[PDB]
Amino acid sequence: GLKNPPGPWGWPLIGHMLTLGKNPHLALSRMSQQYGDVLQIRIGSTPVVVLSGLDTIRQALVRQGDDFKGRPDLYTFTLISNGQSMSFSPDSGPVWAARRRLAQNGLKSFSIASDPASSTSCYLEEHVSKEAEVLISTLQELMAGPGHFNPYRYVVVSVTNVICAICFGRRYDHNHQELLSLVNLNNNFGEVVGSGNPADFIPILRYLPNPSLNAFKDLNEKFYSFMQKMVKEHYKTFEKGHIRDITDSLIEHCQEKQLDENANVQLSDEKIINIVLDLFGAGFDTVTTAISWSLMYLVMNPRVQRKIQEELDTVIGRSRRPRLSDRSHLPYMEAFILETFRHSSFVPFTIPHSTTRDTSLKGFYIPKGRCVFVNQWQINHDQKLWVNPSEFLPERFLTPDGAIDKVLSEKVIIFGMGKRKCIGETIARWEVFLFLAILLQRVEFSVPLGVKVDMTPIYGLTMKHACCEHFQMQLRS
C-alpha cells in the first residue's frame, strides 16, 4: 500500500532540466502547488525527489533523520576538499558523525567560550567587535575618498576575519591580495554547487569546455592549498598545552589518535584536519551573503533602517557599543534579521540529501540512494503561511505590543533541520546581529535616487545580488 511520488512528465533524455531553468527554487515551488509536498522529477536520467512543506520536511529530516541524512554522489562534490569534504562527500556514516562532532566542539570552544583575554565576553563577540570598528573606519576612508562604495568588497573581509580568527588565529588587512584572491575573486562556489547543476546530471557537460567548472576547480584547489599552508604553519609552531584555534584542536586530536593501538584508519588525519576548511568556507560565504542582503534591504527600506536606529537609541543609547546581551531586548532587530532570511531565502535549498535506505514518506515509497532536494524557499514564501510573502515586512514577526511572535519566527527555515542542520547556526545568528547592531548604532547607509540597484537573487547554494557600487554612509548626529 505505497505509491511512487507524483510529478510531471519529462523529456525522455533530459527530464525536467529545462523546467528547472535558471531559478529552480521558483519552478519547483510552482510545481509543488500542483503535486504536493513530495514530488519527483528527473534531471538527465537521474530521478530526484523534491520536498516542501514545514511538516513534511520535519517529518523527513527530523522524525526520519537517519533515512534522509545522506548526500548524493555528485561530480561537483568530488571537487571539494579534495574529494573528502565532511559536508559534501557521500559519506554519512560513523566517520561523518565523528567529524561532525569535532567540528561542533571546535566551534563551541573557539567562539562561544569565554575569551581568556576578556572576563566579560566570548571570543565571537570579541572578534566581531574588533572587525566592526575596523570596518567603520575603512568605510569612512572611502567616503572621504570616492564618496561611494561597493559594500561587499569590505564586508567580505570583515566577516572572513572573524571565522578566520576562530579557525586559524589570524586576520587580514582589507587590502591583502592573497585573501581577496580567495574570497573575492571568481567565487562561483555557490553557483556551481546549487541544487540542479546540469553538470552533475549530464555527463558530457563535464568534458566540454566549461569556464564555470574550471573556475570552480581552481577555486577549490586554492582553498585547499590555503588550508594546507595554514596547517603546516600551525604544526611548525604548535605549543603542546596551548590550543589557540580550531586548527590546533584538530592537530591535537590527530596527535592523541597516534597512540591508540587500533586507530581507526577510515577517519584519516586528512579527514580530521580538512574539517577546518568546511567551517571556513561555510562561515565566510553565508554570513557575508547574509549581511550583504541586510544592507541592500536597509538602503531600499529607509523606513526600516530608521525604526532600528530608533530601537537602538531607546534601548541602549549612544552611550556604549551594543553587546550580545542586548540581543534579547532588541526585537525589531530580530524581526529585521528574520525577514531578511525569509524574504531573500538566500539559501533556497539545503545542500542536497540522499536516502540512506528504503523508506517511505507521506505514503510514498522512496528507494535507498535517491537524490533528494529540500526546498526551503518554498516554506518561506508559502502563501498559506505568510500574508504578503513577496513584500519586505519585518513587522510581520511582531505582536501588537512589539515583541517577537515566537511561533511565527520559528517558520523561517533557512538553516535546515535534523541530522544535517547547519552547525554554524548560533554563530551566524550572533555574528549578523552584532555586526548590524554595532554598525547601525553609529552609521547610516543609503543609496541615491536614480541609480539601478538590482535586488534579484542570482541562483546558487547561496544566492547573491549583483554588485552595487553606489553605497553611501554617513555618521550619526
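Sequential numbering from 1, following the sequence displayed. Only the largest set of C-alpha atoms that superpose within 1.5 Å between the two forms is called the rigid core.
After superposing on the rigid core, the larger RMS C-alpha deviation in 5 other deposited structures of this protein belongs to 183-191, the other candidate being whichever of 367-375 and 183-191 remains.
For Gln258, the record comparison shows coordinates absent in at least a third of the other entries of this protein that model its neighbours. For the pair 199-207 and 393-401, the record assigns the higher mean C-alpha temperature factor to 393-401. Legend: mean Cα B-factor per stretch from the PDB entry, 291-299 versus 259-267; the higher mean is in 259-267. Between the residues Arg357, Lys217, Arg318, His234, it is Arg318 that shows the highest Cα B-factor in the PDB record. Across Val432, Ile41, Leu440, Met417, the entry's maximum B-factor at the CA atom is seen for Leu440.
In this PDB entry, the Cα temperature factor of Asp55 sits in the middle third of its chain's modelled residues. Ranked within its chain, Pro5 lands in the middle third, by CA B factor from the PDB record. Among all modelled residues in its chain, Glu444 ranks in the highest third by Cα B-factor.
Per the PDB record, residue ranking by Cα B-factor puts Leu28 in the lowest third of the chain. In this PDB entry, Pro94 carries a Cα temperature factor that places it within the lowest third of its chain's modelled residues.
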